[PDB]
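Naming: A, B, ... by sequence-line order, numbering from 1 per chain.
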Amino acid sequence: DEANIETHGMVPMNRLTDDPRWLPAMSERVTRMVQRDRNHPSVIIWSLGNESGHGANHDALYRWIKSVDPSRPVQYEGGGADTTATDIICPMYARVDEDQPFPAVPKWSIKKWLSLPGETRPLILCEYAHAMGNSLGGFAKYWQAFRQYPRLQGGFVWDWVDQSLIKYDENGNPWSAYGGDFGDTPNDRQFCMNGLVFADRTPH
Amino acid sequence: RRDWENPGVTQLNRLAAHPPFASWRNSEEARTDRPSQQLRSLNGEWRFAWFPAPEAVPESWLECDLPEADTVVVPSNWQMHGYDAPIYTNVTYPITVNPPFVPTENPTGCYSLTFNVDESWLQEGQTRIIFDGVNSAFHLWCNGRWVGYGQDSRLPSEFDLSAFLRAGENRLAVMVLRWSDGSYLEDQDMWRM
Amino acid sequence: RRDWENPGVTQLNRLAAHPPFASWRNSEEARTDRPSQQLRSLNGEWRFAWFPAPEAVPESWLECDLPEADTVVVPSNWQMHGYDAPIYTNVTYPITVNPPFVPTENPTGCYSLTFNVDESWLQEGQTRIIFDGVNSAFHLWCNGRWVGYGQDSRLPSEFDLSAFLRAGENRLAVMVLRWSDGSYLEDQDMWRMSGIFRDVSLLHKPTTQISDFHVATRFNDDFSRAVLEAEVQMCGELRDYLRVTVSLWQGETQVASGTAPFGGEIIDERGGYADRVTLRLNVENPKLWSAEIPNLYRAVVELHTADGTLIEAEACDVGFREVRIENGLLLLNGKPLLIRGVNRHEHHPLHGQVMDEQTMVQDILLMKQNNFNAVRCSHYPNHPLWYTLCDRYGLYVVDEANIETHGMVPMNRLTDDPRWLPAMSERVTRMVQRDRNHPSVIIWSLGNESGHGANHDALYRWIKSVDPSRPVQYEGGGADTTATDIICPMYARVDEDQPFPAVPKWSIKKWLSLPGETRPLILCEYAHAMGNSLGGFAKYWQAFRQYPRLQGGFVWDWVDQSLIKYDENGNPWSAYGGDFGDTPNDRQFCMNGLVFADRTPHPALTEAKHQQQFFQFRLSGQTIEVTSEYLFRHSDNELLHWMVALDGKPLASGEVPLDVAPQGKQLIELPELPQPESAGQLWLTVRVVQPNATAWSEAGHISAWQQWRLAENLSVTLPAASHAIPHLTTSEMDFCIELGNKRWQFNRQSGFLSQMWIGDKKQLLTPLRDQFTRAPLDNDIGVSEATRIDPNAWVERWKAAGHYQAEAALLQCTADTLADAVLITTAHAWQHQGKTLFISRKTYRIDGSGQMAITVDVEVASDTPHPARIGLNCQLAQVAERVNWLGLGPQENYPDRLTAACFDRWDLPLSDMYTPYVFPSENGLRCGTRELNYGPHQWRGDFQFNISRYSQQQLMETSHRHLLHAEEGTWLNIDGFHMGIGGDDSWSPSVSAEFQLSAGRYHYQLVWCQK
Ligand SMILES: OC[C@H]1O[C@@H](O)[C@H](O)[C@@H](O)[C@H]1O
Ligand SMILES: OC[C@H]1O[C@@H](O)[C@H](O)[C@@H](O)[C@H]1O
Ligand SMILES: OC[C@H]1O[C@@H](O)[C@H](O)[C@@H](O)[C@H]1O
Ligand SMILES: [Mg+2]
Ligand SMILES: [Mg+2]
Ligand SMILES: [Mg+2]
Ligand SMILES: [Mg+2]
Ligand SMILES: [Mg+2]
Ligand SMILES: [Mg+2]
Ligand SMILES: [Mg+2]
Ligand SMILES: [Mg+2]
Ligand code: NA
Ligand code: NA
Ligand code: NA
Ligand code: NA
Ligand code: NA
Ligand code: NA
């Protein structure tokens, strides 16, 4: 269960999440979520949000959840996927064997990540295998790794269903539309369609 | 107050959050998860009108239905009804980055409903309204009197209407802002509705 | 909009918090900390009108001064001007507990000021106003237009007035509410006041400006090398020509300097902070800061174009020090501290909660003069100058958030509620943002007495993320919760556990070793110094020195919160709770100070000084071993003075230089000393004297002392025979003895010495009789009240057992004439409702030399509460100027509070033998006395005594010192034994067993003679 906090377009990404003035608004997105959903057994891990860098507000909120509900781990991928605000190393799109050593927030091969000096946490990708159009190449590589390494405990594919919207042609015949199709601009075109199933649930 | 351009104001008069409730007044019905007569759905046909900014909404709408409004299904996203366009942006915010401000042109959805309650609800007890999801921020009025305000598009906002209710027909007026300081925390890669 | 009844609204339009700015436009002025033309004070005469509620203020006041307003000085608390009463409540809130609402009758202070702004400030840049302290919440208008709102009574609220001002005259309107939702977080045990009580200032900053800066100092393993890192943030016009130069100075020498353009390192996938820059300066062999040697450097932060134009400069004093807890110890620069601390509220008896530089300096001088090295800001951030003064004079500081919700039930009701996380977060985050660059601040505290709530855990973590340089502590919820790096109990005793459910207060020695515990323990409050207190203080210091992880504590507290009131004749007098009509109130609980409100010391201050000494002494033969407890300095301003005396008569003395390294020892072999053959006890007294004056002390200041007994020659010499013999005359009612010019009369009905004559003058106004009680000290009363007795308090136990009202029953009264004396024998029983509480048997032997030897043997029933004292009292007819005694002194001292006293020959004016505690009680005792001289009388024995113009009955019946009246004559209380005064706390019995009079049988003897 993940709080409704994503500040991806800020520069740098933690501009708001490291600012105390935004601690109140952020806090309610996390605390109210826990107050509502804490008795559901299906919820096994809480997440502080998505793509909002790593700010001190995250640390404060991680601690608040750990105090109020020790029954579930808290994860959060921002700021490098293995910060002090996450109990699980939870990268997005880290590859199996190939490192991508970006500055500040490298995406190590998941097998290598596990064993970095001093690291001991489990690793479950918050997102992997971006299923945009003709994709899923390399999927078996992940699975073979997950089975061989105890600490690689899986991941969540990105994502379930294409976000395409129905438009109708002059004839009244519907068609699947994507970014820009409604005159919206700037837009990010087909980036909204990443699913394993089409919008009407037909499998890809 | 432009409470929608102030991150220190995320709600006004909103009740505390809590796990799903139904106020069952019979233990066996609660055991079986059956319907509770104390929890009613207001889903269905509402009245709605679109405005270009909150400054364009007429005061009259607080007390009376606008004749130019349409009858629409709620819940709904208004873009899905064709009132304005849904926007698909991934990373870059759909509005100018200038926290905590939002565009002066801020699509405003004015929703309204006429309803009545059981006599016993007028008699005693607490009657609250629950909006499980309103994107992105909104003001609420009941029988023309202001009740409260809420933000966070993805959790329920609840308000006590006990003191606002009256015998006979009652009227909710809900002014929903497309954009608010809440939008700075809602930059997920998905359609902006 | 009742924003003052909504914890979700703690400000409107308020600017971000940041460290002290002055926007100098010249770098040398910033380096020298000279005044800045860009930072003006608006303090002075303002206009003020009081209203009973915000609904009563007229609209016109936004634009025009109210004719009926008064002109008053700001800063001020309006109760100090008499507009309404200050309220003294301890725990119970001053308003009905119904969050977030406050009373509809909410005293409202309407302040206004017409002031000047020069056009130059408005031609460019930004002009803001700064209110350093407004209690409790306020709305601000400028030239009739609404600007904004703020809460948090103890941190600065700033607003940009750029768009509201005009050249020349402008008018501010400030509506201050006494009560607001912020009051639920401000329930500290102090006077409840309100107003614009800290400075108001106007600051001009350029449009492109330094918006924040943080200074850090990191070291290598032996502190021989450091790196100063300064993160600087800007607001305004970001362009590539901008640079920041940070330069570090030691006096007029520039030690290091770095310059860089803006743009910090990449921190995430979206890049870095284009508006920040971090400068790193290497500094070799830095001079380190500590409370012992407050070495400071000056960092000047210049914002400028690369080609050389200074835009503005900000600056701070920097103290190179590392604070870290390692292996269970709190270390400063790698050494374990020993906290000689005190809690200090901001209090002035005439000005209320308004602090002034003179008062703060007076306080720091006295603290350091009395061996304190640390202060806790109980319970809120202090006036900004305080930190500068602690950085410069050298005191370790615990900076504490303004969060106290003591009156809630349970105490964490608000702190565990996420709805109050926002209001609490601001009180913690804004304090850190403001005070994070002061070296004096060594530990952050999350507030006080607000239980333990999840909001404390969230905030503990916030500070640990943003400022890893200082430990965070918090006592709530049992003093050792997950929200504290230091076990920091209040009033935990040294040896005695107090196992309350949920939040027990273990013995501090036991607490450190509980299963799994490893943190250091420093009491946030201990030794409650209310009234005649500080009993057992030495017990804490012996423990602190013996156990490494016991690293000290902060006494509660520095200064009594008494306020000045004036009587009909216009004479000032010290008032406490309820004295202003305030009710409910907590009476004298506001006076818990080591010093009176005007800074005169209470006697307990000298006990603290002595136990907090920085030199320890041991004696072997005539070799003195001095050990230094300083961690960083050599004893470079110190000499040892030594004196040997035979019972008060000086025989020899000398001085020797002290040269002891920190944590080192020096051995001092004294000269072949004075070896007299004459009777008496020889004694050695040593004192550490600072020959040179310092910033905080004058030349010759005494910083430490210690006394030991040397050889004792017991007297075996027989008094010469007397050339005489007293004569006895008897009647049914009396026994009269005469010897020359002297006469003694013993009443046969009461069994007491009723009158004595010298020459032919009567000496007593009241007979000499046994006394088993005392006018109860604050610690003996605790929280007991007549409307709500606390039966466990000592005073209540004594009262219920009948000690105060027992009557002497005569059991025997006889007279015998011996070879050279007359001997009177008596026995009395004191009973109460059937029960014999005490039996006093005595003999009075009057010999041919005129001396009267009195032997007293008392029995005290094992089942009656132990008595306050076992002694005699009488009212003497004489009133003499001076009191001269051979015994402990010179200041008041009690059995569990006499370590600082020295045995010598003392001579003081009578008035000095009375301690004017605001709430009167037994006071002025001196123990260990061998000889007492008053007028023609001399008393010899081994007793404790007090002497003054006030009876014990009068002291117990009078609530305020100014209502006391000298009685005829002088009341003398001479005790064989006197109970401890206690003080580990002032709300439960605290006198240690070893200081209670539980022996059952007691013996004492005195000789009363003339001269
Ligand atoms: O389709 C691109 C995806 O990129 C990820 O980085 C992200 O967390 C997802 O929400 C989605 O945007
Ligand atoms: O005089 C009683 C003292 O009690 C403590 O428990 C408290 O933290 C202090 O502020 C003061 O009230
Ligand atoms: O001469 C007076 C001295 O007598 C000694 O016996 C005693 O130990 C000292 O404390 C002091 O009373
Ligand atoms: Mg595009
Ligand atoms: Mg808002
Ligand atoms: Mg994203
Ligand atoms: Mg408020
Ligand atoms: Mg220069
Ligand atoms: Mg000009
Ligand atoms: Mg308190
Ligand atoms: Mg009372
Ligand atoms: Na695995
Ligand atoms: Na996408
Ligand atoms: Na110690
Ligand atoms: Na007190
Ligand atoms: Na010296
Ligand atoms: Na008294």
Side-chain angles (χ1 to χ4, degrees), chain A residues 1-7 14 16-20 22-90 121-124 126 153 156, chain B residues 10 16-20 152 154-156 185, chain C residues 412 414-425 428-429 446 451-466 472 474 476-477 481-484:
Chain A
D1 200 7
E2 180 150 287
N4 177 28
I5 302 162
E6 171 160 346
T7 66
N14 78 349
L16 302 181
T17 66
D18 205 39
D19 175 351
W22 283 80
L23 178 57
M26 279 180 63
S27 77
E28 276 184 356
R29 285 156 185 264
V30 172
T31 63
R32 299 174 70 250
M33 165 186 67
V34 171
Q35 293 181 304
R36 192 185 69 166
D37 294 346
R38 64 179 300 161
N39 291 337
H40 276 293
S42 56
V43 175
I44 59 157
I45 289 163
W46 292 117
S47 167
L48 302 176
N50 187 63
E51 293 186 310
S52 308
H54 175 209
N57 297 356
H58 286 121
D59 293 320
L61 303 168
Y62 166 83
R63 188 72 242 256
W64 184 86
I65 302 176
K66 300 296 277 176
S67 310
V68 169
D69 184 14
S71 77
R72 295 173 173 97
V74 175
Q75 68 177 45
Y76 174 59
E77 178 274 341
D82 59 3
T83 70
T84 43
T86 188
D87 283 340
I88 297 172
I89 303 160
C90 56
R121 284 170 290 188
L123 192 157
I124 294 167
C126 71
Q153 293 189 263
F156 300 83
Chain B
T10 48
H18 53 85
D152 183 343
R154 299 281 172 164
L155 282 173
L185 304 180
Chain C
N412 74 353
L414 307 182
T415 63
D416 207 38
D417 183 342
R419 281 156 247 98
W420 284 83
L421 177 51
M424 288 171 62
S425 76
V428 172
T429 67
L446 299 177
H452 176 216
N455 296 352
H456 286 121
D457 292 332
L459 299 173
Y460 165 85
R461 183 66 202 129
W462 185 84
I463 299 176
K464 305 283 286 169
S465 322
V466 316
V472 168
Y474 178 58
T481 67
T482 49
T484 191

Looking only at atom types and distance, does a side-chain atom of [X] sit under 3.5 Å from a main-chain N or O of [Y], one as donor and one as acceptor?
| X | Y | result |
| --- | --- | --- |
| A:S27 | A:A25 | no |
| C:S465 | A:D59 | no |
| A:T86 | A:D82 | no |
| A:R72 | A:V43 | yes |
| C:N412 | C:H452 | yes |

Would you give the length of the straight line joining atom [atom1] of [X] to atom [atom2] of [Y], rounded to the nearest 0.5 angstrom?
| X | Y | atom1 | atom2 | result |
| --- | --- | --- | --- | --- |
| A:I45 | A:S71 | CD1 | OG | 11.5 Å |
| C:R419 | A:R32 | CZ | CZ | 9.0 Å |
| A:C90 | A:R121 | SG | CZ | 8.5 Å |
| A:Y76 | A:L61 | OH | CG | 11.0 Å |

(message) Can you confirm whether the side chains of A:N57 and A:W22 place a donor and an acceptor under 3.5 Å from each other?
(response)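 No - no donor-acceptor pair under 3.5 Å links their side chains.
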Using side-chain heavy atoms (C-beta onward) and a distance below 4.5 Å, is [X] in contact with [Y]?
| X | Y | answer |
| --- | --- | --- |
| A:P24 | C:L421 | no |
| A:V34 | A:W64 | yes |
| A:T83 | A:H58 | no |
| A:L48 | A:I65 | yes |
| A:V68 | A:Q35 | no |
| A:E28 | B:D152 | no |
| A:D37 | A:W46 | yes |

Of all the heavy-atom pairs spanning [X] and [Y], show the shortest one and how long it is.
| X | Y | answer |
| --- | --- | --- |
| A:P73 | A:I88 | CB-CD1, 4.2 Å |
| B:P19 | A:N39 | CG-ND2, 3.6 Å |
| A:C126 | A:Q75 | CB-NE2, 3.8 Å |
| A:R36 | B:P156 | CD-CD, 3.7 Å |
| A:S47 | A:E2 | OG-OE1, 2.6 Å |
| C:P418 | C:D416 | CD-O, 3.6 Å |

(message) Run the side chain to side chain contact (heavy atoms under 4.5 Å, CB included) test on A:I124 and A:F156 for me, step by step, so that the C-alpha distance in whole Å, both residues' side-chain angles and the decisive distance to 0.1 Å come before the verdict.
(response) CA-CA 8 Å; A:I124 294 167; A:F156 300 83; 3.9 Å; yes
(message) Check this for me: does any side-chain nitrogen of one of A:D87 and A:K66 sit under 4.0 Å from a carboxylate oxygen of the other?
(response)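 Counted as a salt bridge, because a side-chain N and a carboxylate O are separated by less than 4.0 Å.
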(request) Step by step, work out the side chain to side chain contact (heavy atoms under 4.5 Å, CB included) result for B:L155 and A:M33. (result) CA-CA 7 Å; B:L155 282 173; A:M33 165 186 67; 4.2 Å; yes
(message) Looking at B:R154, I'd like to know if its CZ atom is crowded, meaning that more than 12 non-hydrogen atoms belonging to other residues, nucleotides or ligands lie closer than 6.0 Å.
(response)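 Incorrect, the count does not exceed 12.
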